[PDB]
Amino acid sequence: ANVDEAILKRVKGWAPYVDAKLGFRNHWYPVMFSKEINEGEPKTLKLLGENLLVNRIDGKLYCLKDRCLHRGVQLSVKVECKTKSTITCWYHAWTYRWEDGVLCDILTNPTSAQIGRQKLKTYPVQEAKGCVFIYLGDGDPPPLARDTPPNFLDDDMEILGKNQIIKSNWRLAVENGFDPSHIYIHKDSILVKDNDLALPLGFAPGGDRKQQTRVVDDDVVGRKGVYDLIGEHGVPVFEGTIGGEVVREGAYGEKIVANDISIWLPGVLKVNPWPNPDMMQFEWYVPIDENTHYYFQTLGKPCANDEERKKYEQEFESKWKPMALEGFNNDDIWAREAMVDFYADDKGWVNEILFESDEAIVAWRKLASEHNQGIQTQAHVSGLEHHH
Amino acid sequence: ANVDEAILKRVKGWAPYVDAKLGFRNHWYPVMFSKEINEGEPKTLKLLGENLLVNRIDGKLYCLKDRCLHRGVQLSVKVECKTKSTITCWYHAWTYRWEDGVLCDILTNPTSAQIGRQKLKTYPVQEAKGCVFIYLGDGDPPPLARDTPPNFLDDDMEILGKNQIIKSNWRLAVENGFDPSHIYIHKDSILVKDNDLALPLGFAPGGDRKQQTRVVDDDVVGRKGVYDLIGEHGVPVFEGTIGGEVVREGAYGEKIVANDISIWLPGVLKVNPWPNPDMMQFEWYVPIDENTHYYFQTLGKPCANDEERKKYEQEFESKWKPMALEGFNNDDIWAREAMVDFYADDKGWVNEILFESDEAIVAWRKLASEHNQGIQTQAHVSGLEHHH
Amino acid sequence: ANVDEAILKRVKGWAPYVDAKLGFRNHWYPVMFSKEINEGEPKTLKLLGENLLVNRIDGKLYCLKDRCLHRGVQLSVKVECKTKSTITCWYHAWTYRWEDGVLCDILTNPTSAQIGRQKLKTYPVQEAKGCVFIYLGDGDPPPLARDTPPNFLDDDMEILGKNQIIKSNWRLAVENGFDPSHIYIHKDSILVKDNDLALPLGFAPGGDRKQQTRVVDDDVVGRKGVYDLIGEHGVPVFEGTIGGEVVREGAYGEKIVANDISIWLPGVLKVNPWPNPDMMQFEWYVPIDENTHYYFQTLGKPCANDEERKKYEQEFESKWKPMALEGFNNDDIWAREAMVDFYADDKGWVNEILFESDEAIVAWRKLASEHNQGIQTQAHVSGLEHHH
Amino acid sequence: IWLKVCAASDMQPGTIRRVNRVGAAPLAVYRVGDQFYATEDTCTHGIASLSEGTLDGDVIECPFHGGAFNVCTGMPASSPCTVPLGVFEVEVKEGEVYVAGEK
Amino acid sequence: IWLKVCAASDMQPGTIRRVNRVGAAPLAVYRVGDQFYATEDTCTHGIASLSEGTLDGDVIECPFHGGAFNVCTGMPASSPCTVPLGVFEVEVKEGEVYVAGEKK
Amino acid sequence: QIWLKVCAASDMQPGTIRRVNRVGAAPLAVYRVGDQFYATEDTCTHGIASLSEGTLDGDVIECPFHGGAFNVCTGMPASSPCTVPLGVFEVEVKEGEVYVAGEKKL
Ligand code: FES
Ligand code: FES
Ligand code: FES
Ligand code: FES
Ligand code: FES
Ligand code: FES
Ligand SMILES: [Fe+2]
Ligand SMILES: [Fe+2]
Ligand SMILES: [Fe+2]
């Protein structure tokens with residue numbers, strides 16, 4: 001009910017996905033790095049359209065909805081944490097506990113009947129690999145692994161990265177990321193030349209439809225995703241032609257990368273190896289609201305000891321972060337933005353003219369529609385509405 | 001007419017008030033001070049969503065709608081007052097009399113059949129206590145006293161004030177002003193400390209609900225309002241506690257002020273005494289459009305002669321204005337702005353969780369719903385519609 | 001359907017016109033001057049709500065819709081013309097021929113079944129009198145002469161002009177231009193004084209309605225328009241009066257100009273002679289979107305050779321452009337903008353109170369409603385829709 | 001004082017006839033069923049001719065903006081019309097329609 | 001423990017009766033058909049008096065925001081209400097109704 | 001081969017669709033409308049969808065991807081967003097056996 005019913009009736013193959021303009025509820029989402037949230041210093045953020053507050057108390061993170069139950073103001077306008085375990089609204093002093101959101105006191109009226117009877121929404125928060133994950137859902141959360149790509153949580157896998165807000169719906173980011181033929185926009189990337197990478201312009205598909213991908217729905221951890229196998233039978237394009245004349249060539253570098261690409265619910269891509277044969281890239285496209293998303297980038301590299309783990313960081317800052325995460329992925333950013341207009345009115349979901357390599361995207365759309373854990377709605381944002 | 005019918009259906013206790021997003025028609029509203037408009041110098045303003053023009057001719061004020069009958073342009077784009085008693089539209093020269101809005105001439109066609117056959121909307125304007133009031137309504141206006149708080153018009157009451165545009169719907173301003181527990185936001189006020197005022201953090205209600213307020217359904221002049229009596233049997237709260245430990249304290253000043261607080265239609269608050277034992281504050285929250293209002297503040301003090309009023313004016317400019325009107329009330333301004341989001345989609349009127357001191361607000365909502373003289377609609381702004 | 005059906009039902013005399021908020025499809029429209037588009041330099045523009053790309057190849061102009069068939073991005077975000085006769089989308093390399101829009105190649109997949117089976121929308125482009133005209137329509141275009149005022153295409157008529165984007169719907173511009181009484185806004189024009197022009201303040205109409213204009217639908221080239229004949233039986237107003245007393249006079253210059261004023265579909269005005277007895281002014285109000293238009297101004301003056309053309313050019317840049325096109329018409333620009341609010345909600349089309357000289361505008365509204373070649377709809381912009 | 005307009009049979013039911021008056025504003029004569037009424041012809045909201053409008057029962061709808069008036073009372077029946085129409089009593093005698101010279 | 005409310009006959013089916021208690025919060029007594037029920041009078045979502053609301057079957061609708069509760073179970077029936085209402089045991093003894101005046 | 005053997009006419013129920021895969025060529029879709037048979041390319045001209053996985057309504061097939069549609073007899077578009085006509089292949093029944101042409105109609 002986020003999109004015109006007429007359009008949903010048309011996209012019979014993935015209507016839930018097209019309706020999920022605000023993202024999927026009941027999944028874990030990374031929103032910041034552990035280093036960005038300090039003890040006793042609450043931070044604000046918007047996730048799936050909801051304003052939230054995250055605080056660190058005795059080293060542990062807590063998440064409360066940033067909206068007072070009384071008159072609906074954001075507590076963050078003027079933060080008043082009067083005791084270690086609570087936060088007091090600046091307006092009429094309704095006070096809530098960070099651990100369970102219970103309204104435990106009201107300074108403007110200590111005798112109010114509301115005390116102890118109301119509860120502000122709280123969301124589970126977990127830190128892993130130096131990343132802050134919030135379970136934007138209801139009830140006890142599933143393990144974080146269900147919503148992370150394979151190997152992200154490996155013991156020796158050292159994770160580093162960056163995050164920023166991008167102006168496009170999260171779905172446009174996901175599809176661009178899993179798009180087999182979009183590598184064409186990266187043909188002039190510095191990382192390509194500078195890191196001597198082998199990078200074609202596209203692929204001439206081979207085999208049947210089913211062979212183009214590997215849909216994963218038998219993962220013991222509960223993971224649900226899709227693998228892009230266009231390269232298994234497809235002939236990579238290194239000489240692009242027009243009228244039979246070669247007008248462009250791919251990158252004939254020596255380093256073999258990105259032979260393993262997969263997208264996983266709620267919306268995280270895994271590219272392996274990348275940006276180097278001994279590394280991996282994991283990136284999330286987190287829904288902030290219908291028009292924006294967090295582009296949460298991470299690069300992983302196994303490290304067995306405190307050293308090298310340090311050399312990795314040094315190289316991350318010196319090469320990987322500026323040359324790959326930025327130098328390479330920056331083109332993905334404006335590419336996402338370029339699709340905004342066509343899909344803004346939801347009509348792009350009907351008028352798009354797909355071609356062979358989009359089989360991977362269609363597979364993702366179907367997987368997401370069938371295995372998402374809930375459709376976030378504006379009602380979830382303002383307050384659920386119902387008549388039993 | 002202005003809100004989703006499903007929402008109005010839910011708020012049975014005050015549907016008209018919730019619907020009155022643009023304000024109440026057929027009431028007097030202050031919009032500027034007398035000294036802000038000089039002889040033959042037309043001034044523009046927007047009230048209840050309507051663009052208006054006010055001019056002073058031979059000392060008297062006149063108000064015409066700032067929209068030519070012909071092609072709907074604002075006359076004020078290029079003012080042309082070619083004779084003392086008229087204004088000529090800059091486009092095709094349709095000319096109107098300030099006195100009755102009659103189309104008395106058309107320079108581009110002196111033989112037009114429209115001449116003397118059309119009338120531009122006019123609104124009554126009255127000056128009192130140095131304030132300019134406009135009756136944004138139809139037909140003969142009621143006495144100005146009906147729409148003003150008691151004593152504002154007293155012969156000896158010397159009125160001085162300030163006015164500005166605030167970005168919030170007028171109702172959020174009204175409710176914040178009459179909110180008994182909102183004083184919590186003023187706990188760190190410089191006025192309270194410097195003027196040694198007694199100011200609790202809030203009140204623990206005493207007595208029954210009916211005793212919390214006093215509704216005035218009629219006066220010798222027909223005014224409609226509500227008095228906040230939470231302090232009659234309520235216990236002032238000076239110590240703020242959380243989990244039993246003291247985390248805050250109210251102000252233990254000696255000066256007892258604000259023992260008399262009342263809100264009146266169309267939306268004007270009276271606080272007496274304030275900000276000093278010998279003064280009173282009268283403030284209006286005038287609807288400009290759905291998202292903004294004029295915060296028209298005035299401080300009154302009885303003065304018997306020119307000596308007292310001269311001294312008062314000096315005290316006002318050097319102390320009361322900067323310390324009270326600005327220093328104290330500035331916190332009310334951002335408090336109002338903080339409630340905008342929750343009520344912007346009109347859902348806050350359903351999802352708000354009220355507590356005891358809100359009995360005052362509820363009383364106002366009901367009084368306003370039962371005695372307002374009309375609901376301003378977008379149709380009033382563009383032109384009333386009706387199809388036989 | 002671009003307007004609330006209730007409103008369209010009310011304006012029975014010209015509903016199609018009121019519905020044509022985006023302009024009339026299947027007409028030629030000038031969008032720039034030939035000197036503004038150079039060989040191999042693609043230029044972007046929006047016409048009738050559609051984003052277009054124009055390019056010059058071997059001297060000839062070609063027009064392609066600036067929206068890739070694949071994922072709906074604008075090709076112009078990053079232009080890639082790899083061969084003289086084609087353009088390659090920067091995203092997945094779908095390549096189209098400028099000549100017919102046929103998808104002739106796809107660099108990311110040379111085996112794609114889409115190759116040669118899709119075609120991007122193209123529109124006829126024609127250069128005449130140094131002006132670039134685009135036929136925003138479907139099928140074989142009619143002769144350009146049909147959509148141009150008489151004499152604009154005369155062999156010796158030398159055309160010079162200026163173009164800019166104005167913030168108002170195209171119809172407000174058309175009506176202001178053909179509005180007989182709007183000349184009142186030009187009473188203080190520097191051009192009038194500095195060129196000794198005779199210019200009344202308005203007109204007292206004479207004769208019956210039919211005589212106020214001449215509806216043209218008998219032109220052999222098929223052009224459809226209306227001539228303003230208010231001055232044939234009307235009395236020019238040179239002494240403007242209020243209450244019978246003269247408050248303003250018109251201009252008593254010696255030069256006789258503006259003897260013939262005519263408006264033509266799709267929306268081009270011809271004033272003759274103007275701004276001098278031996279010149280003519282032809283101006284278009286081209287729909288860009290519902291809120292803006294190109295104000296395409298041109299001045300024509302018969303020239304028999306290169307020597308006269310150069311002389312005229314010099315007088316144009318030094319006098320006519322700054323004094324007439326800018327100094328005189330600049331008042332028309334803000335006049336158009338002043339009507340935006342009244343008509344923005346489409347209600348002005350119902351609430352406007354017209355007077356005698358508006359007979360000219362009504363005639364135009366009726367002609368446009370009856371002879372336009374199609375109503376541009378948002379569906380034309382996003383993609384025509386239809387269910388079996 | 002009265003003005004002889006036409007024969008009752010000159011008008012079919014539900015039709016309107018414009019009556020020009022030299023040196024004066026035109027009038028509109030309406031035939032509602034077998035009854036006759038008259039008002040000023042010019043819509044009070046603009047320059048439209050009500051005789052070029054649509055008659056629905058005893059309500060005339062202006063062709064320009066959809067405003068309307070009750071031809072019997074001359075009072076506005078639909079917005080944007082707000083100024084009442086001038087009404088002229090009409091009487092039919094011996095199959096002849098006469099319209100008063102004044103309102 | 002029981003409080004004298006009124007004679008069962010004083011209440012027509014589908015009506016609500018507020019029961020004010022000395023030094024305590026008010027209660028609401030509902031007559032659904034031929035059976036009586038009771039809960040707190042104050043809506044758990046705010047400060048509204050449910051006795052001034054509308055009874056539809058066994059569901060009481062709050063006059064303030066349209067939230068609702070099942071008068072038998074005290075469980076929320078319509079948004080925005082989410083906090084269960086306190087239910088009090090009712091007893092009809094010899095024509096007259098009584099309320100436990102004690103949370104069940 | 002000129003005529004490709006598809007199946008027994010009786011093996012198809014009225015209102016059903018059957019996909020015909022071909023070596024070295026794009027798949028075809030055979031439709032049974034009443035007692036008659038028609039055939040077109042299987043791939044929707046608007047994308048990469050398989051029309052045989054769509055919904056047949058009379059002589060109009062609806063694509064499962066975006067709701068576009070085609071008339072199976074003429075191959076002409078019946079519903080947006082489809083705009084490119086489908087290639088149609090003649091179908092004949094010899095000895096109760098359905099045969100579809102290897103080359104589309106001109
Ligand atoms: S809005 Fe938070 S305590 Fe009132
Ligand atoms: S818009 Fe004012 S006179 Fe024409
Ligand atoms: S969006 Fe243009 S080739 Fe894909
Ligand atoms: S001119 Fe008759 S309704 Fe406007
Ligand atoms: S106070 Fe009862 S629904 Fe809000
Ligand atoms: S792929 Fe068939 S309608 Fe789009
Ligand atoms: Fe990319
Ligand atoms: Fe305040
Ligand atoms: Fe002009």
# chains A, B, ... in the order shown; residues from 1 in each chain; ligands from 1
>>> residues_near_ligand(ligand="ligand 3", cutoff="6 Å", atoms="only C-alpha atoms and all ligand atoms", output="PyMOL selection string")
chain C and resi 68+70-73+89+91-94
>>> residues_near_ligand(ligand="ligand 4", cutoff="10 Å", atoms="only C-alpha atoms and all ligand atoms", output="JSON, numbers by chain")
{"C": [10, 11, 349, 350, 351, 352, 353, 354, 355], "D": [42, 43, 44, 45, 46, 47, 48, 49, 50, 53, 61, 62, 63, 64, 65, 66, 67, 68, 69, 76, 78, 79, 80, 81, 82]}
>>> write_last_selection(atoms="C-alpha atoms", output="mmCIF file, in the first residue's frame")
data_model
loop_
_atom_site.group_PDB
_atom_site.id
_atom_site.type_symbol
_atom_site.label_atom_id
_atom_site.label_comp_id
_atom_site.auth_asym_id
_atom_site.auth_seq_id
_atom_site.Cartn_x
_atom_site.Cartn_y
_atom_site.Cartn_z
ATOM 1 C CA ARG C 10 -17.432 24.379 -15.854
ATOM 2 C CA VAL C 11 -15.493 25.921 -18.757
ATOM 3 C CA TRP C 349 -10.072 29.728 -14.949
ATOM 4 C CA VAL C 350 -13.397 29.808 -13.095
ATOM 5 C CA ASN C 351 -13.114 32.816 -10.766
ATOM 6 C CA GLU C 352 -11.673 35.429 -13.159
ATOM 7 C CA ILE C 353 -14.010 38.388 -13.726
ATOM 8 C CA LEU C 354 -13.576 39.469 -17.350
ATOM 9 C CA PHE C 355 -14.484 42.753 -19.012
ATOM 10 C CA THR D 42 -25.115 39.581 -19.450
ATOM 11 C CA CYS D 43 -23.843 37.277 -16.714
ATOM 12 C CA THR D 44 -23.137 39.361 -13.586
ATOM 13 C CA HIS D 45 -19.773 37.597 -13.228
ATOM 14 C CA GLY D 46 -18.324 38.662 -16.564
ATOM 15 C CA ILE D 47 -19.170 39.380 -20.187
ATOM 16 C CA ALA D 48 -20.855 36.072 -21.074
ATOM 17 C CA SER D 49 -24.275 35.998 -22.761
ATOM 18 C CA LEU D 50 -26.666 33.891 -20.672
ATOM 19 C CA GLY D 53 -25.905 29.242 -21.812
ATOM 20 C CA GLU D 61 -26.062 28.091 -16.405
ATOM 21 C CA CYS D 62 -23.520 30.573 -17.760
ATOM 22 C CA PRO D 63 -21.422 29.201 -20.685
ATOM 23 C CA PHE D 64 -18.177 30.797 -19.468
ATOM 24 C CA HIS D 65 -17.512 29.524 -15.942
ATOM 25 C CA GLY D 66 -20.499 27.397 -14.970
ATOM 26 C CA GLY D 67 -21.955 30.046 -12.704
ATOM 27 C CA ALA D 68 -25.751 29.957 -12.578
ATOM 28 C CA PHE D 69 -28.912 31.856 -11.636
ATOM 29 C CA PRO D 76 -27.276 33.104 -7.952
ATOM 30 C CA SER D 78 -24.069 28.436 -8.518
ATOM 31 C CA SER D 79 -20.677 29.998 -7.850
ATOM 32 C CA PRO D 80 -18.735 31.975 -8.971
ATOM 33 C CA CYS D 81 -21.812 34.156 -9.507
ATOM 34 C CA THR D 82 -22.581 36.344 -6.500
#
>>> select_by_dssp(residues="chain E", states="strand (DSSP E or B)", output="NGL selection string")
:E and (3-7 or 15-19 or 27-32 or 35-40 or 42 or 49 or 54-56 or 59-61 or 68-70 or 76-78 or 87-93 or 96-103)
>>> residues_around(residues="residue 77 in chain F", least_positions_apart="5", cutoff="10 Å", atoms="only C-alpha atoms", output="PDB file with C-alpha atoms, in the first residue's frame")
ATOM      1  CA  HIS C 388      -6.796  -4.358 -23.394  1.00  0.00           C
TER       2      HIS C 388
ATOM      3  CA  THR F  45       9.266  -7.656 -27.167  1.00  0.00           C
ATOM      4  CA  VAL F  60      -4.727 -11.847 -25.940  1.00  0.00           C
ATOM      5  CA  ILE F  61      -1.634 -12.903 -24.009  1.00  0.00           C
ATOM      6  CA  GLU F  62      -0.530 -10.827 -21.015  1.00  0.00           C
ATOM      7  CA  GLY F  68       1.933  -5.527 -21.352  1.00  0.00           C
ATOM      8  CA  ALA F  69      -0.088  -7.664 -23.777  1.00  0.00           C
ATOM      9  CA  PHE F  70      -0.334  -8.951 -27.342  1.00  0.00           C
ATOM     10  CA  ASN F  71      -2.987 -10.388 -29.625  1.00  0.00           C
ATOM     11  CA  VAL F  72      -1.719 -13.921 -30.346  1.00  0.00           C
ATOM     12  CA  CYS F  82       4.388  -3.138 -25.272  1.00  0.00           C
ATOM     13  CA  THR F  83       4.832  -1.337 -28.605  1.00  0.00           C
ATOM     14  CA  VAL F  84       6.862  -3.697 -30.813  1.00  0.00           C
ATOM     15  CA  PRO F  85       4.830  -6.392 -32.652  1.00  0.00           C
ATOM     16  CA  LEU F  86       5.613 -10.069 -32.061  1.00  0.00           C
TER      17      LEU F  86
END
>>> closest_residue(among="E:93, E:4, E:31, E:65", to="ligand 5", atoms="only C-alpha atoms and all ligand atoms")
E:65
>>> select_by_dssp(residues="range 243-346 of chain C", states="alpha helix (DSSP H)", output="ChimeraX atom specification")
/C:306-315,330-338,340-344
>>> residues_near_ligand(ligand="ligand 9", cutoff="6 Å", atoms="only C-alpha atoms and all ligand atoms", output="PyMOL selection string")
chain C and resi 177+183+329+332
>>> residues_around(residues="range 46-61 of chain A", least_positions_apart="5", cutoff="7 Å", atoms="only C-alpha atoms", output="PyMOL selection string")
chain A and resi 22-23+37-41+66+125+287-289+381
